[PDB]
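Before any questions on binding or motion, here is one chain by itself as structure tokens, the form deposited without this ligand.
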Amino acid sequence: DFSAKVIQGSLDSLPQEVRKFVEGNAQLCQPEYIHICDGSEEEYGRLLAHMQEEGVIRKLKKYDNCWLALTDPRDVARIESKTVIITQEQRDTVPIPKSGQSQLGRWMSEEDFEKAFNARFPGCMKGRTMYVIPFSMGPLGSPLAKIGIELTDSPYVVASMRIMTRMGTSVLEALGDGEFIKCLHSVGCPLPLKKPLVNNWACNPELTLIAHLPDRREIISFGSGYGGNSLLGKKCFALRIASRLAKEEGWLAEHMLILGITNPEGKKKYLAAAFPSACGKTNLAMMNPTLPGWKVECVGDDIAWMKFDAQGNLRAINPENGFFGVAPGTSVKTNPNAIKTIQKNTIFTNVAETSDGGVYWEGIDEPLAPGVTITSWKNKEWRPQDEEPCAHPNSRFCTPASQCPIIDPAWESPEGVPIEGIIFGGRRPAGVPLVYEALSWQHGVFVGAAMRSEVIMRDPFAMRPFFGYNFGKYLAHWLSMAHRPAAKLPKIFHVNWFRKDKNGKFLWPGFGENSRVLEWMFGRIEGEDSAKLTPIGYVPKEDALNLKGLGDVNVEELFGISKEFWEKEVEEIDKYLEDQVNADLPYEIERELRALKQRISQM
């Protein structure tokens, strides 16, 4: 009985299974106190102030209630080498590669994990508060939503989870005796500290391990206080656990923005888009369109949970409550709506600070007044002419979604938004045109499976680091949507903002100008005759894209399709799928590969 150590809420108030989860891990981790979070403003503000007292965060006095965390440089991002999924059989988690090393996930046996767990968690919260975070992934009481309980010894995690999820007492009441995902996190630094504390940032790099146990409905993360490793809703639940739940239950959990686009006529559609990290989902999701009369509105910028309803519409919710966005590169011109969203109630991690209490980073495109100096993310003075950057490259802001000036009116609708188009894309300097459309659902699944991005690494569906289970079975799951009764299969497109000429400059300007590409997609969904058939799919007809105001864009280079390039491309796709997917590659994906190779051979 840990009732004596409860400093907020009550163990008697908890659902029975939530109580078991809290007490079992209180016995294991031996926290000094147990704090059951209520999600209130008072809790949040007080916890922020406490972190301020401790040197854990700094207040940014230029803004309304904004904050800055600088981490230990050993704990700066997700670490894929220490990210694992536990299942009885390896094959259910990853396909058995021919070459012996999988790029599609990392399996650990139950036996090996149990040893690793026992070497980490016993007594790991000594002298710290265990916070109990009840949270909803998705709008409260949406039929597509799912509930988690996160245990953590990090106030930074509590504050960040309040922004990125719906958390507090209302979630506990909505949960009742229903099922939930068990999320256990520790920074791995029990008191008294055995090792030195760097930058007031508790972490344990040597023992860092982020584990997923889909069959036990558990996420167990040790040693890292950062982002995807500690905010257990962000990737661990949102993609890895949820993709497995999605496979079991007949839905999809994807690394996709959701946006609503409205033409000059006022006709509206919703699109989903899967790009890898560093390929601009957040820019597109809250785009300021350069084309007159067009309006883009944001539903989400990172995670899409999608399920075909009884009418056959692909319904998507954003399961997040905020944007955990990359800070460097974000400017007034690249993303004006992000700049507006993050002005208040926002936590920044690993960015630079200006002498007047403002935030700064590479590519911010806001010159400072003379006299204004900059402190870097490493807490040292920094001039533009210095070699190292002022902000870490994967530094982040964590901001409420409700503050976005163009947040979609249906962004919290419990039924979700009807998706009519799915877009894939990444960074390809050569060969791949600006935009094309898949010839069918089966081709579209192949296009997702074939995705690559800048060293050009493969990233099928932008999910390479996030697959909850066997990628081959994931492909089969996607393909099975075509045999679902009444399913209205969205049109699939592939984009490339990053094609370059032989001098290495971008052939397309991008950003708000990408609204010109979205227009074409909109029309194609409407059934307009604006498409020319090519070996790789439908591209826009000559003069079908609005290029007014761009001057002379080199269209023939931008839309050029080379036999020699695509020959090499199909061969490389073949070898990858053969190696990495092998016996689990669906028949239909092999067929699309064979078909594309054949169409290219006839060029």
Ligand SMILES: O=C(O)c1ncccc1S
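Heads up: residue numbers just count along the shown sequence, starting at 1.
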Continuity check for residue 454 and residue 455, given as deposited residues lacking coordinates between them: 10 or more
Entry-level comparison of average CA B-factors, 126-134 and 509-517, reporting the higher stretch: 509-517
Higher-scoring stretch by recorded Cα B factor average, 455-463 or 375-383: 375-383
Of the residues 197, 151, 211, 257, the one carrying the largest Cα B-factor as recorded: 197
Out of 147, 390, 272, 219, highest CA B-factor residue: 390
Third of the chain, ranked by Cα B-factor, where residue 9 sits: middle
Chain thirds of CA B-factor: placement of residue 600: middle
Third of the chain's Cα B-factor distribution that residue 524 belongs to, per the entry: middle
Third of chain Cα B-factors occupied by residue 417: middle
Relative C-alpha B-factor of residue 336, binned into the chain's lowest, middle or highest third: highest
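If you look for the form deposited with this ligand bound, you will not find it shown, but the lines that follow are about it.
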Segment that reaches this ligand in the bound PDB entry - one of 291-299, 271-279, 343-351, 102-110, heavy atoms within 4.5 Å: 271-279
Position in contact with this ligand when the complex is considered in the bound PDB entry, options 427, 477, 378, 182, heavy atoms within 4.5 Å: 427
Option touching this ligand, based on a heavy atom within 4.5 Å in the bound PDB entry, out of 237, 520, 497, 469: 497
